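>>> here are the coordinates; sequence isn't available:
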Ligand SMILES: OC[C@H]1O[C@@H](O[C@H]2[C@H](O)[C@@H](O)[C@H](O[C@H]3[C@H](O)[C@@H](O)[C@@H](O)O[C@@H]3CO)O[C@@H]2CO)[C@H](O)[C@@H](O)[C@@H]1O
Ligand SMILES: [Ca+2]
């Protein structure tokens, strides 16, 4: 509607990477990002071969991202252990910020003040009885990953992937959230590489919804596919979801300076304005914080040199 069926982008250079601070982190990854009156708030995965946890950092101008201080959330009650792939939003019924992420289950922490990285609660889980049978049945050799909540004015939905080609969806009422999530349905299914992980589900000003999912291309590089729908529940119609017409991929991203990555991987659209549980974006002014890496690098996945930049949407349709 106010979305083009073809997409073009401009990318920054790699702005955010690990600090030389003794933690040994290899990759900074999987950002969630919101913008409040000039100030960006970011949460990201820390990745290395010993494990994953979470970091917070903030900055106004993008040029200040590289020197932004890292506030590691293992200093909060959120703590040490496995945590990855965060999502932040204000949950207006509770007047608390939620941070959704994975820990082997689907988890959340809350905090009344986004500026306090020490304030994030120890995790609670959306599935207190463990991994749903449907996921156990279909996961194969995959991993349960990349949790995402979006609500409308009646219901809150929790999406997740299995790195095996399923996208799962559970729901509960707005009034019960975070409790009472249903056993998931398979919301969408494809071969592994075509519907792999890193979903985002957004609302649009015209009342429709946008689904982005990360995929692994025939060249082995990460890219994003897209769909729209009239309902969070689907059905989903292709938007830009092929290699020749991608949402974001090496063939529709132009670099300012060097071409520092071929993969366009796990990211989020910068949500400004309301930063609440409706996950509204402005289709006229899309910017996407994403992860990339030197396309010549290899080795163990967990020690890959992931860095964060942004792509800015060049051909807005409004
Ligand atoms: O494209 C490189 C490589 O990707 C592999 O997928 C990665 C996924 O992107 C990643 O989500 C997953 O990460 C898990 C990790 O391997 C585990 O050690 C565990 O502790 O947690 C992570 C899940 O949160 O890893 C896989 C593989 O490492 C594809 O599997 C592979 O085919 C592909 O070449
Ligand atoms: Ca994410």
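Thanks, I have it. Residues are numbered from 1 along each chain as shown. Ligands and ions are numbered 1, 2, ... in the order given.
>>> touching ligand 1 at all, stretch 180-195?
No - using CB under 6 Å from any ligand atom, stretch 180-195 stays clear of ligand 1, coming no nearer than 7.9 Å. (C-beta placed from N, C-alpha, C; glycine too.)
>>> quick check: buried residues in that stretch?
181, 184, 185, 187, 188, 192, 195 (16 or more other CB atoms under 10 Å).
>>> would you turn the residues you listed into JSON lines with secondary structure and distance to residue 165?
Listed next are those as JSON lines, based on DSSP: H, G, I helix; E, B strand; the rest coil; distance: CB to CB, whole Å:
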{"residue": "181", "secondary structure": "coil", "distance to residue 165": "22"}
{"residue": "184", "secondary structure": "coil", "distance to residue 165": "14"}
{"residue": "185", "secondary structure": "strand", "distance to residue 165": "15"}
{"residue": "187", "secondary structure": "strand", "distance to residue 165": "12"}
{"residue": "188", "secondary structure": "strand", "distance to residue 165": "9"}
{"residue": "192", "secondary structure": "helix", "distance to residue 165": "4"}
{"residue": "195", "secondary structure": "coil", "distance to residue 165": "5"}
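>>> of all the residues you listed, which two lie farthest apart?
Greatest spatial distance among these (CB to CB): 181 and 192, at 24.7 Å.
>>> quick check: phi and psi on the residue of the chain found nearest ligand 1?
Closest residue of the chain to ligand 1, CB to the nearest ligand atom: residue 301 (3.5 Å). Main-chain dihedrals, residue 301, degrees, to the nearest 10: phi -50, psi -50.
>>> what's the answer for residue 73, then?
phi -80, psi -10.
>>> again, but for the one 4 residues further on
In terms of degrees, to the nearest 10, the main-chain angles of residue 77 are phi -60, psi -30.
>>> nearest residue to it other than its sequence neighbours?
What sits nearest to residue 77 in space, not counting adjacent residues and going by CB to CB, 6 or more residues apart in numbering, is residue 122, at 4.5 Å.
>>> can you check residue 167 too?
Among residues not flanking residue 167 along the chain, residue 188 sits closest, at 4.4 Å (CB to CB, 6+ apart).
>>> you'd agree that neighbour is up against residue 234?
Yes - taking contacts as CB atoms under 8 Å, residue 188 lies within contact range of residue 234: 7.1 Å.
>>> can you pull the residues of the stretch 51-200 of the chain lying near ligand 1?
Contact residues, the stretch 51-200 of the chain versus ligand 1 (CB under 6 Å from any ligand atom): 84, 143, 145, 163, 197.
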